[PDB]
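Throughout, residue positions are numbered sequentially from 1 according to the sequence presented. Just follow the structure's listing: the first ligand is 1, and inside any ligand the first atom is 1.
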Amino acid sequence: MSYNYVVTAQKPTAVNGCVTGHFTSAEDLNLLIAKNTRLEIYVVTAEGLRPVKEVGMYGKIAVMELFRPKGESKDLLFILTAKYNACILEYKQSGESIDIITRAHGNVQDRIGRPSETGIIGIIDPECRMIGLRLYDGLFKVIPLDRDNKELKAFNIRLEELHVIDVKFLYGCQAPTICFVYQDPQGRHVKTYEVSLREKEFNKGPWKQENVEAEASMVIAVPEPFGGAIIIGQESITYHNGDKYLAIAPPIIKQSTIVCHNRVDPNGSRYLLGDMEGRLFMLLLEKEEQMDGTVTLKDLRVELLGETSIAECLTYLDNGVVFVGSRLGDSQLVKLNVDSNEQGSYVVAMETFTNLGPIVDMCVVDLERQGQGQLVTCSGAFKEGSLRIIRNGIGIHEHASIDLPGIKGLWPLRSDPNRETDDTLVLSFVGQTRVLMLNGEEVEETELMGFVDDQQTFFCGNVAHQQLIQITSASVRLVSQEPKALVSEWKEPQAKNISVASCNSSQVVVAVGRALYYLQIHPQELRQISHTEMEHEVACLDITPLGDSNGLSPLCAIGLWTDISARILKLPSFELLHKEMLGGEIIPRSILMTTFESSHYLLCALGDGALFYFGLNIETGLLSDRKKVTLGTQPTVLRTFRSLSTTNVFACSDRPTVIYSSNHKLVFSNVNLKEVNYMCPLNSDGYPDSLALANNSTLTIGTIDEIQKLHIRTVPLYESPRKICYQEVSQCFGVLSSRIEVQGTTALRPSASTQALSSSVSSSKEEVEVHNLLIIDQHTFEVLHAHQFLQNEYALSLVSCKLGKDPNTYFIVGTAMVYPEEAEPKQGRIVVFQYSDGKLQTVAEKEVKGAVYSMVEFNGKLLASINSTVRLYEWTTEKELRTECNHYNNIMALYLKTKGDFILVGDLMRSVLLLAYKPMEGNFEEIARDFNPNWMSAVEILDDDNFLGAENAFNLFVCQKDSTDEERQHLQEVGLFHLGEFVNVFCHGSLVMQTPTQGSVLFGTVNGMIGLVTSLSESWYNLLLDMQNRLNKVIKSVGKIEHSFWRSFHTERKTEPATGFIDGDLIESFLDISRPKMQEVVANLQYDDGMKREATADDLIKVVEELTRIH
Ligand SMILES: Nc1ccc2cc[nH]c2c1
């Protein structure tokens, strides 16, 4: 009944957890990072973090722990998902193939069970005797770690203590032993139990329980030789080992709750601690010797190290390097110095990693050009709060521009053998060559002795033995560097024209029609080594040397006319090693051997925009794993360039593209330029690390931005952004923000709201939140003005709009007055502001008797939700708001969207409702509601008949009218899908320049994931659903979780299969399965090019390409 497609535009960026150990090999130090559904694996080096493997799970990662059973040569990985999928994983590398194998799996949910309010805890015994899970209050689940237990069968033990705060397994125990903090009416306590596998029960623990601090929140199990447990609370740190109790109450920790810990030293001598304000502490355990050779704890000390990003997790990586995993701001690598700096800090930031999360609001604006949307998010919280401006594609910064038509090729040269930098740019034209010298930023034409100017150049460059080479249609010319003189010239025996050229430092391959010649470059000599006749005319050549080759290629890659083949030939024999037939009647135009992330590839571009690529074995010449992308409709020209110490490929066409690697897969990202015909890298004194680019009329020189799909600009606020709206007439954004002050009240740090150019305050007719409306310039993102709201006033909703017959555009803010003893607010305001002359004027205020959760402009009127009431206001001639009509049938109307006369209302707990304004009655009619209870987080109108909802348990659903009168009032849930993210905001728009799909709704999430929802026809839905079912049979899932299980709608109240939703991530993955798998997937499908007939792999590759470009 409803057909929707949902796909990831930006994967989650928030770090939910991190572990270190020896997973990829016994000798590697790994860092593993969980970003919701994604597991990232790195090797730690002196250099830094090397990415080795990234996988997606069909689940939200809730537990992630490395452990090493007896008999295992490296660590295994335990994962538990939020849906209670358990697995044990092993990393296997076989040559260049990397696989995550599932050693054991099973689902560990109970039948009865309310999920613990305080979350899943999973722990592993240091001796690998068992895994312990705290999933539900009153129960401790044990998975025995027998090699026979491949289904991860478990048993429950009754836990008398219902409210466990934290739990760990202790070190140095003859029986597996837990230590936990729990809360009862008498306060908080620490207790132990032994876990008996033979009795399937707890036994008495090795040390008696103790009372601990009221806010004790974390247990640390200390390794030998200490043993025992550290308990961290808000104002104290204790150590327990039974006949041993030590407690400190250091004032330095009292200001902010400590929420993460990490062991620095293997023997437990030192720990890192992080708090909610980003402070980083060292906790030091002092040893005392004993006559019997045991070691006991003499004392505990805490030292402030410095400040990081607000940390969800901390992992020491050796050599003073710490990974700071953040969910509220950017993650970091930081260095800990033995010695402090001038401010007193031991912490120096080394690297920053983007985190968009939480995305609490966003909007789409065409900031720069028409039809080019950019997303502007409210991101992060507290000192990490920011705006982020997100846009597709890679930018070029143009530093020179020369009118110079008809360029047919570009080559950089070093004319001076004792200078590292290029100083020369050689240009081809039809039948001609020109040489440009670069003196600083000046670009002067010149002659270069030895080169000819009256033939078209096909290649020129630096070659061996301090020589230059020029290959024209007439000849190969070898030139000495000092002086510049012709030292050798090669021509074909009858002086026929050269038609194609390739060259490296010491080797040349030229074609003459069907003939190939192989030359070597020697001192003052072009030596003809070998020649052959090809079966067909030669279209293109490459001899780029790959690997540890000492600059010599044993391979020649060639593309031919007629059979449209890409072939790998041996040099010098020209023996055929491998032939691939690319199909069609359009010849190959560019062919390249290249390396990305240490793997070798063959790229071959056809004249119609198709790019084929293959893995290349540089020993045997074998091509494998053919893939195909479309990069335009014109011939593509491929050229290697380096930026930021990585070789990538620039693809010149009508759609210029950079080809690069991510996670050992090739990626293709648009370059934000009009058509580029030719390019070369250029690294000159005046133009360092640059690119020369030519079109039909112009030569450009510029630098390229970071090679990535999305560009992100960060605007730090140093306080929490809450809501955003764009006001085109003022060329600014309005942003609601909140800062923490301590109780009047004192600010903790300067921030956007305290650092505006000018400021205003409402006049009254982690201690406290102070709320502000910020006015932010759309170009500079400077804070132009800040308006501070009343004490205890929280700003909840924001719109920019015109109303009534008034020509002005206003910022309008809805608020709540927040008092401690109120279950909800009973007072709030709507405030209408005008931004003029650098300041906000208050135009009008309206007191209302509740919180103004949501506002929307509605046909020149203001629609607002106020507690349980939806209200429509008119803007009168006297510039005040006046109630037109009200709707009362809500619990708490949190979310509003409108389309025409229709309003979609999202409720705290009663799902969604559809209102209509009735223009000839001047009131609302309730059209229909969804009678299924759902705890809503966001809503959107997809179209007049389809309503999208997101809810608190990470599901999407779609409601429609059911097409009685009591019947007409029941919305039907026709689409259901477990997304696995928490949606804060939906907004119509696209990041793609303005099909299988209709409409575009972007969404932003707590983890910083951005997604897209679009609509499908029944026909497309049916085809893609069939594809999913076929993909799910062939793809091996990590942990052997079923895709259908993962995507099943799931709340405490119900579990149902997904319906009416295509998983775009799964569909897009079709492009990465093997060709036999593609055949498996395609068999006996129906596809419409025409009439419904059998689909081919190539059909579906094209389809999934159409789908990828919607984001
Ligand atoms: N004891 C033991 C050893 C290896 C594995 C692999 C999965 N579960 C295990 C338990």
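Using a 4.0 Å cut-off between charged side-chain N and carboxylate O, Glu160 and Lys191 make no salt bridge.
By the 4.5 Å heavy-atom criterion applied to side chains, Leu283 and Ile230 are counted as neighbours.
Near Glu72, with a cut-off below 4.0 Å to any heavy atom, the atoms of ligand 1 are 4 (C). For ligand 1, the atoms closer than 4.0 angstrom to any heavy atom of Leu76 are 5 (C), 6 (C).
Inspection of the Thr1055 and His1050 side chains reveals an N or O donor paired with an N or O acceptor under 3.5 Å.
Closest to atom 1 (N) of ligand 1 by heavy atom, among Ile131, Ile88, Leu152, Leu145, is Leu145.
Under a cutoff of 6.0 Å and an axis angle of 45°, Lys83 and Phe1045 form a cation-pi pair.
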